[PDB]
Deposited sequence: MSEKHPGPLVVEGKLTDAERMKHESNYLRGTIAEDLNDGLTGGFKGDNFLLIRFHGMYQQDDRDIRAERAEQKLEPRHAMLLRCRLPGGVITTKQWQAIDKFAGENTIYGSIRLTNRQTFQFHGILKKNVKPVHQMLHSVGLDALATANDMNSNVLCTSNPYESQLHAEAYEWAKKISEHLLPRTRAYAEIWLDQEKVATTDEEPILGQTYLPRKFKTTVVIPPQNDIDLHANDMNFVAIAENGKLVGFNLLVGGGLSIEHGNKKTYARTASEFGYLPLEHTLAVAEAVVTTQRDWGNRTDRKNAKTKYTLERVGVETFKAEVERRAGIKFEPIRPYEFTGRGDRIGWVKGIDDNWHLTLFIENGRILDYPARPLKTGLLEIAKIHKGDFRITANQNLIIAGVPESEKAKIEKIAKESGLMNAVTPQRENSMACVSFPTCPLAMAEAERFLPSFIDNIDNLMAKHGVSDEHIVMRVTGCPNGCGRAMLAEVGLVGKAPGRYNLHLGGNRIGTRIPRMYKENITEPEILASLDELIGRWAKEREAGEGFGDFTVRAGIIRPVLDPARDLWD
């Protein structure tokens, strides 16, 4: 009553798309395709009499499922829509090679990997065990900076667990990629706590043995030494909504899809619309880490046709920049672990945020805002500027003071409060931000500067008050 696909970098062909669309419509309870924030999709509610057919369905189109509940390598992410458009094909092959390499290894806990192309951190690297930050010379990849040990999951009240950002190890030439990957996984495989699984994650291993220790083991195993980190900088995590020009006669249309939930709604047939686009589209689709969908590699001759369908089906309905940069995990009704609503709470909650933004003259700005149903953190609220972590039905821990690019964990500001309390708080603070902020200053960075909340400087030690 949940299936997830292995889909490195979120790249899926249109022939594949027609297959999963058919199956979701006819052989699941919910009848939907659910885009995940790890660039793949899920079915919800598969009857046991259809579990066999679904793997047969995937295989017939060259796809394969991920086992959700094993301690394995999860979907490998890859920046979906790089500003340097040409870089994508390469980055993607490496995401694919790494994904295949790490197939059956057998770990203390699930292992999470990304290929990142600056200046975008859409894939949200600091949530991940192992990150390859691409370095390019003249439109060709030369190497990667390696960042190890991100992970967001916590347990309420439990100061022995914590979200942690990933750590810089150094730079490696393209050619050692697979040896470094394997070195990191096997090092974690060997040193990771196998008794307590809420302490097995790489982030805990690193804090137990030290960064330098873990890094030296990896050099030893990979047969290399790391060079110093090479320059890179991030400007955002958002998707690029609408048309963007690729290379040559190539255009990408990124469709905003609230909670990545693909279904036919009243006056908005999202599912039927994407099926029809899939039927005529020359290239393929890309599932983003923001739970959106890119119709990729559209020739300029084909733009009006594609856009007519998307438009008619409600796929291109204008939403605020605030809504484009908000996210929620699945939670109820399907998640057995859910504490508070997340996906089903987000749309109305953001309507209220939209009103507050408008109330303060900042309807054109945005705050990276995320809701997660429980402290497992799937919604990545623990890298948000404003994070809501579900604690019970209708109640959330409110976190403040991450930043736009997702390199700082937000500290808990208020605990176990309800939506009206949350809104009243944010009304106050957004008002202060609108009036007192320096030019271009983000809301997260502001709360910190103005002493509204203390920054989280050393997660393992100062996350918890």
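Asker: In sequence order, what intervals of the deposited sequence carry no C-alpha positions?
Answerer: According to the record, the gaps fall at 1-79, 184-209.
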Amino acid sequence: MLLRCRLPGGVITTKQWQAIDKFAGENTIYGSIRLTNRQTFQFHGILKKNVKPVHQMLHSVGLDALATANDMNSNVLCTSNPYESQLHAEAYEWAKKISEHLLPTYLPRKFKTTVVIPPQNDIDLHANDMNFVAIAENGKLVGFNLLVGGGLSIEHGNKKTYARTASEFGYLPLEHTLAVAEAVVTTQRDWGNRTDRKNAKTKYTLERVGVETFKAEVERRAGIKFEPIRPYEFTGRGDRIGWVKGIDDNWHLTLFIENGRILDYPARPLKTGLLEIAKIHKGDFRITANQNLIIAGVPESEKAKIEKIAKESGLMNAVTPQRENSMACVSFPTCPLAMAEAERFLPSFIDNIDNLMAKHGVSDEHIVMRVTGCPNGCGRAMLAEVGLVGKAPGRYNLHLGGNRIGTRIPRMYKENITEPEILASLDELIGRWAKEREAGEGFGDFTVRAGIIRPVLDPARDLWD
From here on, numbers count along this sequence of modelled residues.
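Asker: Do the C-alpha atoms of 219-227 or of 252-260 have the higher average B factor in the entry?
Answerer: Averaged over C-alpha atoms, the B-factors run higher in 219-227.
Asker: Mean CA B-factor: is it higher for 364-372 or for 70-78?
Answerer: If you average the C-alpha B-factors of 364-372 and of 70-78, the larger mean comes out for 70-78.
Asker: Out of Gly394, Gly379, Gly236, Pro299, which shows the largest CA B-factor listed in the entry?
Answerer: Out of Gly394, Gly379, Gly236, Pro299, the record gives the largest C-alpha B-factor to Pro299.
Asker: Out of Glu182, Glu385, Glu175, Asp122, which residue has the highest Cα temperature factor in the PDB record?
Answerer: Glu175 has the highest C-alpha B-factor of those listed.
Asker: Using the temperature factors of the C-alpha atoms in this entry, rank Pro53 within its chain: lowest, middle or highest third.
Answerer: According to the entry, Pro53 has a C-alpha B-factor in the chain's highest third.
Asker: Please say which third, lowest, middle or highest, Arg38 falls into when its CA temperature factor is compared across its chain.
Answerer: Bottom third by C-alpha B-factor.
Asker: Going by the entry, which third of its chain does the Cα temperature factor of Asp21 land in?
Answerer: For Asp21, the deposited C-alpha B-factor lands in the middle third.
Asker: Could you look up the Cα B-factor of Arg164 in the entry and say which third of the chain it sits in: lowest, middle or highest?
Answerer: For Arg164, whose C-alpha B-factor we compare with every modelled residue in the chain, the answer is the lowest third.
Asker: Against its chain's modelled residues, does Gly406's Cα B factor rank lowest, middle or highest third?
Answerer: Lowest third of the chain for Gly406's C-alpha B-factor.
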